[PDB]
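Report on the following structure.
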Amino acid sequence: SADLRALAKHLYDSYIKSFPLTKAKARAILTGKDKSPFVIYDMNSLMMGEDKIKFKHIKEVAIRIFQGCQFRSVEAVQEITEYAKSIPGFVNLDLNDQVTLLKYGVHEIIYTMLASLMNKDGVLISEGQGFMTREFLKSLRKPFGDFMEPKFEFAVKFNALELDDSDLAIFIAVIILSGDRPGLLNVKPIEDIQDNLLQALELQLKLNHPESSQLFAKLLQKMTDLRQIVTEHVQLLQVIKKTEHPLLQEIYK
Amino acid sequence: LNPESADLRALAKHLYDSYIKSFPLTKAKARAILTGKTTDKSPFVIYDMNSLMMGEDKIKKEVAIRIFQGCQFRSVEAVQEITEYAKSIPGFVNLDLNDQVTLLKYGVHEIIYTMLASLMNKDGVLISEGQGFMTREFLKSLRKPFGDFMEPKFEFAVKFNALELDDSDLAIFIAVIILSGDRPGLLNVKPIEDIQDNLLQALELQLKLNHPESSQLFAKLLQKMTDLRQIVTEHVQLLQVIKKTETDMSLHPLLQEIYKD
Ligand SMILES: O=C(O)c1ccc(COc2ccccc2C=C2C(=O)c3ccccc3C2=O)cc1
């Protein structure tokens, strides 16, 4: 029966608790209500940002922008981990499987939620207190100007579906419970959970959006472009370190 | 039973029937050859270089290059078959002509491996309209670059064939792969999306009616496209290696057009 909604409300509740900056709060900053946010659009507005913005992650500018993204990546992984532990059935699985689920999942979820803080002209940074210009992100050089641009192109198409947090909570739960991650020992319970999650997502979309026919299908189709983005991201992550203090190097992966 | 559904089910019958008249070797006949139904003859199995020279006498230099350029002519013939099917998808021939070729350009490869799964089990693949069967371990035993082409399709086919789709489901699923709006360089995307919505609505109904005991087969089938597009990327990466390894070997012009990223 419609017990699916008890699941939908449960995960949305944990979504609000795990993630401080929600999508509704991010579009309001983006759109405009408020109390604004610092805008970084060139080289000098960057150095002023490190004085007024909340940059807690610090001698060349294109590298420091990449290090800051890597710093918040490991921040998001902790928030994603806490939310996964609230997905019913997750903590009861094999412990090795929980690791590999998160190991191969956090990237797809990072960029899914990055689209929430991204308009067509830039991205919100530092819990919405700053806004880095998209044109300034391609401004970079060598390999850096392209690391963020393919995600803008993804965010534009993903945001056109106009999903809210109640939809995204179930969606990312479906991503974590992917039974096709390499090295899984017990796939059956993972697929059993994800199927229960897909049922929840299909009912959520048809209820929340009688607008969009087959929006469930289109959202599933985005998981294709969501693994192509993660593929070419690590394709860039090895071109950077093929070029360019082991204790910060150990903090990151 | 309702006019909403009657529309989509008539659309399913239409696609299923163009499917039959576009593709000579259905999955139903393939499964008959591969398991051993009396409705079909039995293939000649090729597992080493010895049984290869015997296929010439039964079924219609450099052996590693040979199997590949027979793969090429097979892909060419299927692109023709895929095109004939695409012309039957309601609305497709009414979309912009350069968008028509854009859908086919990025579409044929994803269709090929879907239909290639119908000719496969875990042990090998049917070849030459079902008269032959080339074992999977013989294909790996091939030369240093050529031994790597086929096994990714084998890994996908076994996971994909586990969905247990029959030709009725594939006809609609193949139709939704051709008509997708995210392919690059598309001029007008909205008419393409309006047709795909119809096709996916037809697939959703067809899967729930044909496979009513399989929970959420619609969702699991759609995510198999992430597997298809990675196979295409691995394939392209092997084509740029062979193009510089064997600079004496030719590639078909038709596939040389799908051959641009
Ligand atoms: O006339 C000759 O001498 C000839 C030689 C070898 C083959 C074997 O070939 C196939 C034949 C039928 C069905 C499938 C294949 C094999 C393949 C692939 O290996 C492949 C790889 C990528 C896309 C499509 C295909 C495909 O259809 C065919 C003809």
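Residue positions begin at 1 at the first shown residue.
Even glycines carry a Cβ here, placed using N, Cα and C.
Under the heading rosiglitazone binding site, Swiss-Prot lists B:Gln72, B:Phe73, B:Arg74, B:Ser75, B:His109, B:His235, B:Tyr259, citing experimental evidence as support. For B:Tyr259 (rosiglitazone binding site), the Cβ neighbour count at a 10 Å cut-off comes to 15, with all displayed protein chains included. B:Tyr259 (rosiglitazone binding site) falls outside any helix or strand according to DSSP and counts as coil.
The ubiquitin cross-link feature in Swiss-Prot is assigned to B:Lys21; the stated evidence is experimental evidence. In three-state terms derived from DSSP, B:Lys21 (ubiquitin cross-link) belongs to a helical segment.
For B:253-261, the entry in Swiss-Prot reads motif '9aaTAD'.
Ligand 1 lies under 6 Å from the Cβ of none of the recorded positions B:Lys21, B:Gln72, B:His109. The separation of B:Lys21 (ubiquitin cross-link) from B:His235 (rosiglitazone binding site), Cα to Cα, is 29 Å. Measuring straight across the break, from B:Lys60 to B:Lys61 at the CA atoms, gives 17 Å, with 11 residues left unbuilt in between. Neighbour density around each Cβ, counted as other Cβ atoms within 10 Å, peaks among the recorded positions B:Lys21, B:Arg74 at B:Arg74. According to DSSP, B:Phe73 (rosiglitazone binding site) sits within a helical segment. Counting in whole angstrom, B:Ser75 (rosiglitazone binding site) lies 18 from B:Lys21 (ubiquitin cross-link) by their C-alpha atoms.
Minimal Cβ crowding within 10 Å, among the binding-site residues B:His109, B:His235, is found at B:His235. It is B:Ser75 that, of the binding-site residues B:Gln72, B:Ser75, has its Cβ surrounded by the most other Cβ atoms within 10 Å.
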